[PDB]
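Starting off, we have a lone chain in the form deposited in one PDB entry, written out as structure tokens.
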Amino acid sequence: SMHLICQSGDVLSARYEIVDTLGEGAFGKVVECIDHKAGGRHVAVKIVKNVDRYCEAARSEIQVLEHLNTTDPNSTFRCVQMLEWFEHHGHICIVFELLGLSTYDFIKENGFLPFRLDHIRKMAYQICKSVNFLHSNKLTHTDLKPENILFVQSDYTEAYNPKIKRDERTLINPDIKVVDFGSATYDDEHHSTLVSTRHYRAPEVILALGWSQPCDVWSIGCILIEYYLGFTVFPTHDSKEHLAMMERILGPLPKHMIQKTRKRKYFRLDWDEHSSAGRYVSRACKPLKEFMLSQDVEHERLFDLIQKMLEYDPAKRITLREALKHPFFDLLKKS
């Protein structure tokens, strides 16, 4: 089992000494290591489960990162740098530059207090820049979520907050990078039927209509809402209920998408508003703009961008290249 080979003090590839576990996901774990052959530099090492699905993703990710890292050697577009990879007791291990906390862990460890709007603006801009680089290179990420957006540096202050009695982290600089290219898919490759983590999954994915770069835009809009509220507006683990929540937040789905779904197993959604699930969706969900916490124009600008990212029709949906020009980002450009 992986626990036999990922302990503090273990040495991987005769050079990488484990000093901490940074976290786990379905894929395995990421550990922080000292690289004794690079002058003691700390790196991150992703230790992949020895299971075919994950091994296959890791091999794919290695090829995608080789491509992205060679194309953008300065990481101008903020995709994490892979340093090398190796095998350890049958596990694929990928070595990366050491980044800071995931945006998920940062918000979670703060009791789900939302990010400041000024930080959201900077983060959103960088996420759009980064993922647009993928889209410029005939790639779609497919698994964008706060866990896969990491802070570059550990540029925060921490203290034991008297009020809550737990420790709070406060961000100083919000710069990010994008990680996890194990689901990333080239335009000309086989597209998996099911992609994305449910809460970030676009309607064309749910409806098996075909997906491409626009499904990433949908996921980013969901991420930005989460950063702003501290929670998802789609609190569900069921596809039909997910669609009903979309309908309540965004309005009815377009006829053309309903009529294409040859898997019209969900259809007007066939949904009882008066059932337990129906009552839950009406309580939990409301039109998008009602989630705004301020009527100040910068909040309106953020919500306008989110609404465009959550456009049902993936053709009409704003592209990332267009998103970068949106008014929300003007504060970044006001020299």
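Just so we're on the same page, rigid core means the largest C-alpha set that superposes within 1.5 Å between forms. Numbering starts at 1 and follows the sequence shown.
What comes next is about the form deposited in another entry, which is not displayed.
Core-based superposition between the shown form and the other one leaves all of 157, 136, 71, 76 but one with CA shifts under 2 Å; the exception is 157. A movement of the C-alpha atom of residue 169 reaching 2 angstroms or beyond is seen between the shown form and the other one when the two forms are aligned on their rigid core. After superposing the rigid core, the C-alpha of residue 116 moves by less than 2 Å between the shown form and the other one. In the core-superposed comparison between the shown form and the other one, the C-alpha atom of residue 89 has shifted by less than 2 angstroms. Relative to this form, residue 292 and residue 163 approach one another in the other form, with their C-alpha atoms ending up at least 3 Å closer. The gap between the Cα atoms of residue 164 and residue 116 is smaller in the other form, by no less than 3 Å, than in this form.
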